[PDB]
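What follows is the content of my_file_20.cif, which has mmCIF, C-alpha atoms and all ligand atoms:
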data_target
#
loop_
_atom_site.label_atom_id
_atom_site.label_comp_id
_atom_site.auth_asym_id
_atom_site.auth_seq_id
_atom_site.Cartn_x
_atom_site.Cartn_y
_atom_site.Cartn_z
CA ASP V 1 -104.82 -37.98 94.01
CA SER V 2 -106.09 -39.49 97.33
CA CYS V 3 -106.35 -36.08 99.15
CA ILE V 4 -109.02 -35.25 101.78
CA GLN V 5 -110.51 -31.72 101.65
CA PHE V 6 -111.52 -29.28 104.42
CA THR V 7 -114.83 -27.79 103.13
CA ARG V 8 -114.57 -24.47 105.10
CA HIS V 9 -110.82 -23.82 104.35
CA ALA V 10 -111.26 -21.33 101.45
CA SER V 11 -113.93 -19.35 103.38
CA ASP V 12 -111.78 -19.28 106.59
CA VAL V 13 -108.78 -18.05 104.51
CA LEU V 14 -110.87 -15.24 102.99
CA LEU V 15 -112.30 -14.31 106.45
CA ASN V 16 -108.72 -14.06 107.80
CA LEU V 17 -107.59 -11.98 104.76
CA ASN V 18 -110.51 -9.61 105.49
CA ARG V 19 -109.44 -9.42 109.22
CA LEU V 20 -105.92 -8.42 108.04
CA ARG V 21 -107.50 -5.76 105.76
CA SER V 22 -109.63 -4.41 108.71
CA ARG V 23 -106.52 -4.11 110.92
CA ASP V 24 -104.41 -2.71 108.01
CA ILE V 25 -101.97 -5.65 108.38
CA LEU V 26 -99.57 -6.28 105.45
CA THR V 27 -101.66 -4.11 103.05
CA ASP V 28 -99.25 -3.16 100.23
CA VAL V 29 -101.20 -0.81 97.98
CA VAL V 30 -103.56 2.18 98.08
CA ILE V 31 -106.30 2.38 95.41
CA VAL V 32 -107.25 6.03 94.77
CA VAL V 33 -110.82 6.64 93.52
CA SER V 34 -112.01 10.27 92.99
CA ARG V 35 -109.78 11.32 96.03
CA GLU V 36 -111.06 8.41 98.22
CA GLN V 37 -108.32 6.01 99.30
CA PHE V 38 -108.67 2.26 99.86
CA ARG V 39 -105.87 0.13 101.34
CA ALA V 40 -105.73 -3.52 100.18
CA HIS V 41 -103.52 -6.54 99.43
CA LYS V 42 -102.33 -6.71 95.78
CA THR V 43 -102.74 -10.53 95.73
CA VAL V 44 -106.40 -10.42 96.80
CA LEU V 45 -107.15 -7.65 94.23
CA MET V 46 -105.46 -9.77 91.48
CA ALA V 47 -107.37 -12.91 92.60
CA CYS V 48 -110.71 -11.01 92.17
CA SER V 49 -110.21 -8.64 89.23
CA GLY V 50 -108.92 -9.03 85.67
CA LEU V 51 -107.86 -5.36 85.75
CA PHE V 52 -105.75 -5.72 88.95
CA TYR V 53 -104.34 -9.02 87.65
CA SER V 54 -103.12 -7.19 84.48
CA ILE V 55 -101.81 -4.18 86.53
CA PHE V 56 -99.80 -6.10 89.10
CA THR V 57 -98.31 -8.60 86.55
CA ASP V 58 -96.89 -5.60 84.67
CA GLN V 59 -93.10 -5.44 85.32
CA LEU V 60 -93.27 -1.66 86.15
CA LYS V 61 -96.69 -1.34 87.81
CA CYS V 62 -96.16 -4.42 90.07
CA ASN V 63 -93.85 -2.14 92.15
CA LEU V 64 -96.26 0.80 92.58
CA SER V 65 -97.72 1.45 96.07
CA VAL V 66 -100.46 3.77 94.66
CA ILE V 67 -102.90 3.02 91.78
CA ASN V 68 -105.22 5.76 90.50
CA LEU V 69 -108.48 4.57 88.97
CA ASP V 70 -110.23 6.27 86.03
CA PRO V 71 -112.00 9.48 87.32
CA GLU V 72 -115.36 8.13 86.06
CA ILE V 73 -115.21 5.42 88.79
CA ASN V 74 -117.55 5.98 91.71
CA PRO V 75 -115.93 5.51 95.20
CA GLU V 76 -119.06 3.85 96.69
CA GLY V 77 -119.21 1.34 93.78
CA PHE V 78 -115.52 0.58 94.34
CA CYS V 79 -116.01 0.23 98.13
CA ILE V 80 -118.93 -2.26 97.60
CA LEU V 81 -116.77 -4.30 95.20
CA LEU V 82 -113.71 -4.23 97.49
CA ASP V 83 -115.94 -5.55 100.32
CA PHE V 84 -117.22 -8.30 97.95
CA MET V 85 -113.62 -9.29 97.06
CA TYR V 86 -112.83 -9.89 100.74
CA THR V 87 -116.18 -11.42 101.86
CA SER V 88 -118.07 -12.99 98.82
CA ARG V 89 -120.96 -10.64 99.90
CA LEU V 90 -122.27 -8.04 97.45
CA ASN V 91 -124.36 -5.13 98.79
CA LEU V 92 -126.44 -4.71 95.61
CA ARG V 93 -129.27 -2.13 95.89
CA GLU V 94 -131.56 -0.26 93.45
CA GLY V 95 -129.65 2.96 94.31
CA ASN V 96 -126.18 1.56 93.61
CA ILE V 97 -126.64 -1.16 90.91
CA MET V 98 -125.66 1.09 87.96
CA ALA V 99 -122.41 2.30 89.69
CA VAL V 100 -121.62 -1.25 90.89
CA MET V 101 -122.07 -2.79 87.37
CA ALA V 102 -119.99 0.02 85.71
CA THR V 103 -117.22 -0.50 88.33
CA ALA V 104 -117.35 -4.35 87.93
CA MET V 105 -117.07 -3.97 84.10
CA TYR V 106 -113.99 -1.69 84.52
CA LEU V 107 -112.43 -4.01 87.16
CA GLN V 108 -113.26 -7.09 85.00
CA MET V 109 -115.23 -8.98 87.69
CA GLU V 110 -117.39 -11.14 85.35
CA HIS V 111 -119.61 -12.84 87.96
CA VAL V 112 -120.59 -9.45 89.48
CA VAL V 113 -121.31 -8.03 85.97
CA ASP V 114 -123.54 -11.13 85.36
CA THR V 115 -125.72 -10.75 88.53
CA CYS V 116 -126.05 -6.93 87.90
CA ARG V 117 -127.25 -7.57 84.30
CA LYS V 118 -129.83 -10.12 85.62
CA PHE V 119 -131.09 -7.86 88.49
CA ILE V 120 -131.45 -4.95 86.00
CA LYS V 121 -133.32 -7.20 83.46
CA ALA V 122 -135.81 -8.31 86.20
CA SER V 123 -136.80 -4.63 86.89
CA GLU V 124 -137.44 -3.70 83.18
CA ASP O 1 -127.53 -6.60 105.77
CA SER O 2 -129.38 -7.35 102.47
CA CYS O 3 -126.24 -8.68 100.63
CA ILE O 4 -126.30 -11.49 98.01
CA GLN O 5 -123.40 -13.99 98.13
CA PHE O 6 -121.41 -15.73 95.36
CA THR O 7 -121.01 -19.33 96.67
CA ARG O 8 -117.79 -20.12 94.68
CA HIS O 9 -116.01 -16.75 95.40
CA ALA O 10 -113.75 -17.93 98.28
CA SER O 11 -112.72 -21.09 96.36
CA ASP O 12 -112.01 -19.08 93.13
CA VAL O 13 -109.90 -16.60 95.18
CA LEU O 14 -107.85 -19.45 96.70
CA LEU O 15 -107.45 -21.12 93.25
CA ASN O 16 -106.11 -17.80 91.86
CA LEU O 17 -103.75 -17.35 94.88
CA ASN O 18 -102.41 -20.86 94.17
CA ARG O 19 -101.93 -19.93 90.43
CA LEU O 20 -99.88 -16.89 91.57
CA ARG O 21 -97.82 -19.19 93.85
CA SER O 22 -97.23 -21.66 90.91
CA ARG O 23 -95.99 -18.81 88.66
CA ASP O 24 -93.99 -17.22 91.56
CA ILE O 25 -96.02 -13.99 91.18
CA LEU O 26 -95.85 -11.49 94.09
CA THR O 27 -94.41 -14.14 96.50
CA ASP O 28 -92.75 -12.12 99.29
CA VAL O 29 -91.10 -14.69 101.54
CA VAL O 30 -88.98 -17.86 101.45
CA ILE O 31 -89.63 -20.52 104.14
CA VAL O 32 -86.44 -22.55 104.77
CA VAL O 33 -86.96 -26.12 106.04
CA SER O 34 -83.87 -28.37 106.56
CA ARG O 35 -82.20 -26.60 103.50
CA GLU O 36 -85.39 -26.93 101.34
CA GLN O 37 -86.82 -23.58 100.25
CA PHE O 38 -90.51 -22.76 99.71
CA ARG O 39 -91.68 -19.45 98.21
CA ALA O 40 -95.10 -18.17 99.40
CA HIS O 41 -97.28 -15.13 100.15
CA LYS O 42 -97.04 -13.93 103.79
CA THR O 43 -100.80 -13.13 103.87
CA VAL O 44 -101.83 -16.66 102.82
CA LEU O 45 -99.42 -18.21 105.39
CA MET O 46 -100.89 -15.93 108.13
CA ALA O 47 -104.48 -16.78 107.05
CA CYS O 48 -103.69 -20.54 107.49
CA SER O 49 -101.26 -20.78 110.41
CA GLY O 50 -101.21 -19.41 113.97
CA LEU O 51 -97.39 -19.55 113.85
CA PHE O 52 -97.10 -17.44 110.65
CA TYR O 53 -99.80 -15.08 111.95
CA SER O 54 -97.65 -14.46 115.10
CA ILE O 55 -94.39 -14.17 113.02
CA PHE O 56 -95.62 -11.67 110.45
CA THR O 57 -97.52 -9.47 112.99
CA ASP O 58 -94.21 -9.04 114.85
CA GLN O 59 -92.89 -5.49 114.17
CA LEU O 60 -89.35 -6.82 113.32
CA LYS O 61 -90.13 -10.19 111.68
CA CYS O 62 -92.91 -8.74 109.43
CA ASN O 63 -90.04 -7.26 107.32
CA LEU O 64 -88.00 -10.46 106.89
CA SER O 65 -87.85 -12.08 103.41
CA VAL O 66 -86.49 -15.39 104.83
CA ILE O 67 -87.93 -17.46 107.73
CA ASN O 68 -86.03 -20.51 109.02
CA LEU O 69 -88.16 -23.23 110.58
CA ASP O 70 -87.06 -25.41 113.52
CA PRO O 71 -84.57 -28.08 112.24
CA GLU O 72 -86.89 -30.85 113.53
CA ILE O 73 -89.44 -29.89 110.82
CA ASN O 74 -89.65 -32.30 107.91
CA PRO O 75 -89.63 -30.64 104.41
CA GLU O 76 -92.19 -33.12 102.96
CA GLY O 77 -94.60 -32.46 105.88
CA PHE O 78 -94.19 -28.72 105.29
CA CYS O 79 -94.70 -29.09 101.51
CA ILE O 80 -97.97 -31.10 102.08
CA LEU O 81 -99.21 -28.40 104.48
CA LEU O 82 -98.22 -25.52 102.15
CA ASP O 83 -100.19 -27.26 99.36
CA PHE O 84 -103.18 -27.61 101.75
CA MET O 85 -103.00 -23.87 102.62
CA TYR O 86 -103.35 -22.95 98.93
CA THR O 87 -105.86 -25.67 97.86
CA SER O 88 -107.91 -26.96 100.92
CA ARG O 89 -106.58 -30.45 99.85
CA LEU O 90 -104.49 -32.49 102.29
CA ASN O 91 -102.38 -35.38 100.95
CA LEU O 92 -102.60 -37.47 104.14
CA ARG O 93 -101.04 -40.96 103.88
CA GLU O 94 -99.94 -43.70 106.32
CA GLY O 95 -96.29 -42.90 105.43
CA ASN O 96 -96.55 -39.15 106.11
CA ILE O 97 -99.26 -38.74 108.83
CA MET O 98 -96.79 -38.48 111.76
CA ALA O 99 -94.64 -35.78 109.99
CA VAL O 100 -97.79 -33.93 108.81
CA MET O 101 -99.35 -33.86 112.33
CA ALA O 102 -96.03 -32.74 113.96
CA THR O 103 -95.68 -29.97 111.32
CA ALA O 104 -99.38 -28.89 111.75
CA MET O 105 -98.90 -28.72 115.58
CA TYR O 106 -95.79 -26.51 115.12
CA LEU O 107 -97.53 -24.32 112.48
CA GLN O 108 -100.70 -24.14 114.66
CA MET O 109 -103.13 -25.44 112.00
CA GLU O 110 -105.83 -26.81 114.37
CA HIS O 111 -108.15 -28.41 111.79
CA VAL O 112 -105.25 -30.40 110.26
CA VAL O 113 -104.09 -31.51 113.76
CA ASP O 114 -107.73 -32.66 114.41
CA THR O 115 -108.07 -34.88 111.25
CA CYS O 116 -104.54 -36.37 111.87
CA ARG O 117 -105.49 -37.29 115.48
CA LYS O 118 -108.72 -38.96 114.19
CA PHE O 119 -106.98 -40.87 111.32
CA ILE O 120 -104.30 -42.10 113.80
CA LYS O 121 -107.00 -43.17 116.36
CA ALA O 122 -108.85 -45.21 113.66
CA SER O 123 -105.67 -47.30 112.95
CA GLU O 124 -104.95 -48.17 116.66
CA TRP L 1 -113.35 -33.04 106.03
CA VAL L 2 -114.63 -34.80 102.84
CA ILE L 3 -113.51 -36.96 99.91
CA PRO L 4 -113.38 -34.25 97.14
CA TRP J 1 -125.57 -16.31 93.79
CA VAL J 2 -127.61 -16.97 97.00
CA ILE J 3 -129.30 -15.21 99.93
CA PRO J 4 -126.66 -15.91 102.69
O1 LIG X 1 -113.70 -11.81 86.28
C1 LIG X 1 -112.51 -12.02 86.49
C2 LIG X 1 -111.85 -12.32 87.82
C3 LIG X 1 -110.41 -12.52 87.45
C4 LIG X 1 -109.29 -12.83 88.22
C5 LIG X 1 -108.04 -12.93 87.60
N1 LIG X 1 -107.01 -13.48 88.40
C6 LIG X 1 -106.12 -14.48 88.10
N2 LIG X 1 -106.36 -15.24 87.01
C7 LIG X 1 -105.49 -16.23 86.79
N3 LIG X 1 -104.41 -16.55 87.50
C8 LIG X 1 -104.20 -15.80 88.59
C9 LIG X 1 -105.04 -14.75 88.95
CL1 LIG X 1 -104.67 -13.79 90.33
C10 LIG X 1 -107.94 -12.81 86.21
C11 LIG X 1 -109.05 -12.50 85.44
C12 LIG X 1 -110.28 -12.33 86.08
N4 LIG X 1 -111.54 -12.03 85.54
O1 LIG X 2 -105.33 -23.11 113.41
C1 LIG X 2 -105.16 -21.91 113.20
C2 LIG X 2 -105.26 -21.20 111.86
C3 LIG X 2 -105.00 -19.76 112.22
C4 LIG X 2 -104.95 -18.60 111.44
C5 LIG X 2 -104.65 -17.38 112.05
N1 LIG X 2 -104.87 -16.23 111.25
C6 LIG X 2 -105.53 -15.08 111.55
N2 LIG X 2 -106.33 -15.07 112.64
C7 LIG X 2 -106.99 -13.93 112.87
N3 LIG X 2 -106.97 -12.81 112.14
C8 LIG X 2 -106.20 -12.85 111.05
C9 LIG X 2 -105.47 -13.97 110.69
CL1 LIG X 2 -104.45 -13.93 109.30
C10 LIG X 2 -104.50 -17.31 113.44
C11 LIG X 2 -104.54 -18.47 114.22
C12 LIG X 2 -104.77 -19.69 113.59
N4 LIG X 2 -104.86 -20.97 114.14
CL CL X 3 -116.63 -11.64 90.14
CL CL X 4 -106.11 -25.96 109.58
#

Show how you would write the structure in this file as structure tokens.
Amino acid sequence: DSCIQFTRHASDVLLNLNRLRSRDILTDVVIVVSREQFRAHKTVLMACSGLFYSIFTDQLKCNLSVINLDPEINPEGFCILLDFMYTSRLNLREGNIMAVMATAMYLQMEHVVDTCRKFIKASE
Amino acid sequence: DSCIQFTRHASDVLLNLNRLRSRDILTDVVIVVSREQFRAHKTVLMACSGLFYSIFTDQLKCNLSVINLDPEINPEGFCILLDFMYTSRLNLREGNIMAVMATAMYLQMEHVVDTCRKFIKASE
Amino acid sequence: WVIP
Amino acid sequence: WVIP
């Protein structure tokens, strides 16, 4: 087509979605991790994670307001990944990289799994 | 902080939100324009428009599944703007610029209003 | 704004 | 990935 494009549009949308998350506006699901609860928007989770995409396209699970993650999932790893979903920023540190990569593999967040593999390979 | 950032994350999120819109997945509102109906996600509309932000933060209107726009709003202008919200791409043409700018002023989409004003000024 |  |  002959469209024009606003370079900062996608980033401004994500920033606003994160402001809604901060203020708990229109959040429609609770993610339960080892008795730690995280409120979020189903559409943002689906847009970021192959696991959430599969969960919320399921005709029965699409209607659930609570999702319980596998007990092996670390709440801090999940929190770091949820923040990444809403900001594009990943707080990757020596002390959390193993939990973050394990959580990203479970959530099916391929780009995160890729940078974790590379950061681990550089330290060996 | 010491975060790393994935450059394409915001764009990939918006692309996935638009794929959900295309497939009518988790859309939670109908926008009615001069008897033309558009299905969308409330959070994306709020993230893009000062008008939708104000509507869906209202304690009564936040729960509505149908929103009727002012009858002066042109359905094509709305359609072009809805596409822009979900893609960052604006189909601005000589034949639609007046309807698009009027719709963007009503929806409170300041960056769109800005490029319409500039494109109009260049033709005078 | 840009030409994509 | 970049340093923001
Ligand atoms: O690594 C990843 C990130 C990711 C996101 C999603 N999401 C969607 N895919 C396609 N259409 C709509 C949506 Cl919402 C699916 C798989 C994966 N895998
Ligand atoms: O031009 C514009 C675009 C736009 C978007 C919004 N959205 C939000 N603002 C702040 N926190 C959350 C959200 Cl969702 C408000 C005003 C305007 N004005
Ligand atoms: Cl990812
Ligand atoms: Cl705008």

Enter the distance from atom CA of residue 1 of chain J to atom CA of residue 6 of chain O, in Å, rounded to one decimal. 4.5 Å

Please, which residues have at least one atom within 9 Å of an atom of ligand LIG 1 (chain X), using all atoms listed in the file, listed as a PyMOL selection string? (chain V and resi 43-54+104-105+107-113) or (chain O and resi 12-13+15-21+23+25)

Residues of chain V within 6 Å of chain O, counting all atoms listed in the file, as a ChimeraX atom specification: /V:3-6,9-11,13,16,47,88-91

Quick one: residues within 9 Å of residue 78 of chain O, only C-alpha atoms counted, chain neighbours fewer than 3 positions away excluded, as number ranges by chain? O: 33, 38, 73-75, 81-83, 99-100, 103-104

What is the atom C4 of ligand LIG 2 (chain X)-atom CA of residue 102 of chain O distance in Å, reported with one decimal? 16.9 Å

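With distances taken over only C-alpha atoms and all ligand atoms, O:114 is the one residue among O:64, O:29, O:114, O:58 lying closest to ligand CL 4 (chain X).
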
May I ask for the distance between atom CA of residue 96 of chain O and atom CA of residue 76 of chain O, given in Å to one decimal place?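 Computing the Euclidean distance for atom CA of residue 96 of chain O and atom CA of residue 76 of chain O yields 8.1 Å.
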
Quick one: superpose chain V onto chain O using all C-alpha atoms paired in order, least squares, and give it to me as an mmCIF file with C-alpha atoms, in the coordinates of the input.
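Writing the result to out.cif gives the following:
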data_model
loop_
_atom_site.group_PDB
_atom_site.id
_atom_site.type_symbol
_atom_site.label_atom_id
_atom_site.label_comp_id
_atom_site.auth_asym_id
_atom_site.auth_seq_id
_atom_site.Cartn_x
_atom_site.Cartn_y
_atom_site.Cartn_z
ATOM 1 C CA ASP V 1 -127.529 -6.599 105.766
ATOM 2 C CA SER V 2 -129.385 -7.359 102.466
ATOM 3 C CA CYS V 3 -126.238 -8.673 100.628
ATOM 4 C CA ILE V 4 -126.297 -11.485 98.015
ATOM 5 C CA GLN V 5 -123.401 -13.994 98.136
ATOM 6 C CA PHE V 6 -121.417 -15.727 95.360
ATOM 7 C CA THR V 7 -121.015 -19.328 96.668
ATOM 8 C CA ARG V 8 -117.794 -20.121 94.677
ATOM 9 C CA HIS V 9 -116.008 -16.752 95.392
ATOM 10 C CA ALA V 10 -113.753 -17.924 98.281
ATOM 11 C CA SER V 11 -112.713 -21.088 96.361
ATOM 12 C CA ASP V 12 -112.007 -19.084 93.133
ATOM 13 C CA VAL V 13 -109.892 -16.601 95.181
ATOM 14 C CA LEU V 14 -107.855 -19.449 96.701
ATOM 15 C CA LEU V 15 -107.442 -21.117 93.248
ATOM 16 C CA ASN V 16 -106.106 -17.799 91.867
ATOM 17 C CA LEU V 17 -103.754 -17.351 94.885
ATOM 18 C CA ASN V 18 -102.411 -20.866 94.165
ATOM 19 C CA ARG V 19 -101.929 -19.929 90.425
ATOM 20 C CA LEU V 20 -99.879 -16.885 91.570
ATOM 21 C CA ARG V 21 -97.820 -19.198 93.847
ATOM 22 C CA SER V 22 -97.220 -21.659 90.907
ATOM 23 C CA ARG V 23 -95.990 -18.808 88.670
ATOM 24 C CA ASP V 24 -93.982 -17.218 91.554
ATOM 25 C CA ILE V 25 -96.024 -13.990 91.182
ATOM 26 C CA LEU V 26 -95.856 -11.495 94.095
ATOM 27 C CA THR V 27 -94.420 -14.140 96.500
ATOM 28 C CA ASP V 28 -92.748 -12.126 99.294
ATOM 29 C CA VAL V 29 -91.099 -14.695 101.546
ATOM 30 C CA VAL V 30 -88.988 -17.865 101.448
ATOM 31 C CA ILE V 31 -89.624 -20.517 104.139
ATOM 32 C CA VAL V 32 -86.443 -22.547 104.765
ATOM 33 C CA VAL V 33 -86.958 -26.122 106.041
ATOM 34 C CA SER V 34 -83.871 -28.375 106.559
ATOM 35 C CA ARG V 35 -82.207 -26.598 103.494
ATOM 36 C CA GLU V 36 -85.388 -26.927 101.332
ATOM 37 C CA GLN V 37 -86.830 -23.585 100.244
ATOM 38 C CA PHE V 38 -90.509 -22.759 99.709
ATOM 39 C CA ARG V 39 -91.679 -19.446 98.219
ATOM 40 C CA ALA V 40 -95.096 -18.176 99.399
ATOM 41 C CA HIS V 41 -97.277 -15.134 100.149
ATOM 42 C CA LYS V 42 -97.041 -13.928 103.790
ATOM 43 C CA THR V 43 -100.799 -13.135 103.866
ATOM 44 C CA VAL V 44 -101.837 -16.655 102.826
ATOM 45 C CA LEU V 45 -99.414 -18.211 105.385
ATOM 46 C CA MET V 46 -100.884 -15.931 108.134
ATOM 47 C CA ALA V 47 -104.470 -16.781 107.048
ATOM 48 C CA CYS V 48 -103.695 -20.543 107.494
ATOM 49 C CA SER V 49 -101.262 -20.784 110.416
ATOM 50 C CA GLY V 50 -101.205 -19.415 113.968
ATOM 51 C CA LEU V 51 -97.387 -19.545 113.857
ATOM 52 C CA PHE V 52 -97.103 -17.446 110.642
ATOM 53 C CA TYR V 53 -99.793 -15.075 111.950
ATOM 54 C CA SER V 54 -97.649 -14.463 115.099
ATOM 55 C CA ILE V 55 -94.398 -14.162 113.020
ATOM 56 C CA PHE V 56 -95.622 -11.672 110.445
ATOM 57 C CA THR V 57 -97.517 -9.466 112.998
ATOM 58 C CA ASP V 58 -94.209 -9.034 114.848
ATOM 59 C CA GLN V 59 -92.889 -5.484 114.166
ATOM 60 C CA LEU V 60 -89.354 -6.821 113.315
ATOM 61 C CA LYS V 61 -90.123 -10.182 111.682
ATOM 62 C CA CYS V 62 -92.906 -8.737 109.436
ATOM 63 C CA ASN V 63 -90.039 -7.260 107.323
ATOM 64 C CA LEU V 64 -87.994 -10.464 106.896
ATOM 65 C CA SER V 65 -87.857 -12.075 103.414
ATOM 66 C CA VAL V 66 -86.488 -15.390 104.833
ATOM 67 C CA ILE V 67 -87.933 -17.460 107.737
ATOM 68 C CA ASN V 68 -86.036 -20.507 109.020
ATOM 69 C CA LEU V 69 -88.164 -23.229 110.583
ATOM 70 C CA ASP V 70 -87.066 -25.402 113.527
ATOM 71 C CA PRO V 71 -84.573 -28.087 112.233
ATOM 72 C CA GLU V 72 -86.887 -30.856 113.529
ATOM 73 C CA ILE V 73 -89.439 -29.890 110.814
ATOM 74 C CA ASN V 74 -89.655 -32.306 107.910
ATOM 75 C CA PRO V 75 -89.629 -30.641 104.409
ATOM 76 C CA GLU V 76 -92.189 -33.112 102.955
ATOM 77 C CA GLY V 77 -94.598 -32.459 105.881
ATOM 78 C CA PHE V 78 -94.182 -28.719 105.295
ATOM 79 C CA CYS V 79 -94.698 -29.099 101.511
ATOM 80 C CA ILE V 80 -97.965 -31.101 102.080
ATOM 81 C CA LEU V 81 -99.216 -28.401 104.474
ATOM 82 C CA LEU V 82 -98.221 -25.527 102.159
ATOM 83 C CA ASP V 83 -100.190 -27.255 99.355
ATOM 84 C CA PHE V 84 -103.182 -27.606 101.752
ATOM 85 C CA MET V 85 -103.001 -23.871 102.618
ATOM 86 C CA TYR V 86 -103.357 -22.956 98.935
ATOM 87 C CA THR V 87 -105.858 -25.674 97.852
ATOM 88 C CA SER V 88 -107.911 -26.967 100.917
ATOM 89 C CA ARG V 89 -106.581 -30.449 99.847
ATOM 90 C CA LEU V 90 -104.494 -32.485 102.292
ATOM 91 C CA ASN V 91 -102.386 -35.382 100.952
ATOM 92 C CA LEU V 92 -102.605 -37.471 104.146
ATOM 93 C CA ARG V 93 -101.030 -40.962 103.874
ATOM 94 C CA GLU V 94 -99.941 -43.704 106.322
ATOM 95 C CA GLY V 95 -96.295 -42.891 105.427
ATOM 96 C CA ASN V 96 -96.546 -39.154 106.107
ATOM 97 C CA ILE V 97 -99.253 -38.732 108.827
ATOM 98 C CA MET V 98 -96.786 -38.480 111.755
ATOM 99 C CA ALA V 99 -94.643 -35.775 109.991
ATOM 100 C CA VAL V 100 -97.783 -33.931 108.806
ATOM 101 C CA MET V 101 -99.358 -33.861 112.339
ATOM 102 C CA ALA V 102 -96.029 -32.744 113.965
ATOM 103 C CA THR V 103 -95.687 -29.965 111.325
ATOM 104 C CA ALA V 104 -99.384 -28.894 111.749
ATOM 105 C CA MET V 105 -98.905 -28.722 115.574
ATOM 106 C CA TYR V 106 -95.786 -26.502 115.116
ATOM 107 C CA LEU V 107 -97.531 -24.316 112.477
ATOM 108 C CA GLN V 108 -100.699 -24.139 114.662
ATOM 109 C CA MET V 109 -103.128 -25.442 111.999
ATOM 110 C CA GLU V 110 -105.831 -26.813 114.370
ATOM 111 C CA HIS V 111 -108.157 -28.413 111.788
ATOM 112 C CA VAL V 112 -105.249 -30.404 110.256
ATOM 113 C CA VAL V 113 -104.093 -31.507 113.763
ATOM 114 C CA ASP V 114 -107.727 -32.664 114.410
ATOM 115 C CA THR V 115 -108.066 -34.873 111.256
ATOM 116 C CA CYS V 116 -104.531 -36.366 111.866
ATOM 117 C CA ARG V 117 -105.482 -37.287 115.479
ATOM 118 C CA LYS V 118 -108.716 -38.958 114.196
ATOM 119 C CA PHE V 119 -106.981 -40.874 111.323
ATOM 120 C CA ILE V 120 -104.306 -42.102 113.798
ATOM 121 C CA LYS V 121 -107.003 -43.168 116.367
ATOM 122 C CA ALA V 122 -108.852 -45.208 113.654
ATOM 123 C CA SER V 123 -105.666 -47.294 112.950
ATOM 124 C CA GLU V 124 -104.949 -48.168 116.660
#

Save chain L of the structure in the block above to a file, with N, CA and C atoms included, as a tab-separated table (two decimals), in the first residue's frame.
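Done, and the output landed in part_33.tsv:
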chain	number	residue	atom	x	y	z
L	1	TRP	N	7.04	10.26	11.57
L	1	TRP	CA	6.39	9.50	10.52
L	1	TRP	C	7.39	9.21	9.39
L	2	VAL	N	7.31	8.00	8.81
L	2	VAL	CA	8.22	7.53	7.75
L	2	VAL	C	7.47	6.81	6.64
L	3	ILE	N	8.17	6.57	5.52
L	3	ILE	CA	7.67	5.72	4.45
L	3	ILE	C	8.17	4.32	4.86
L	4	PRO	N	7.28	3.38	5.27
L	4	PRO	CA	7.76	2.05	5.70
L	4	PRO	C	8.36	1.22	4.56
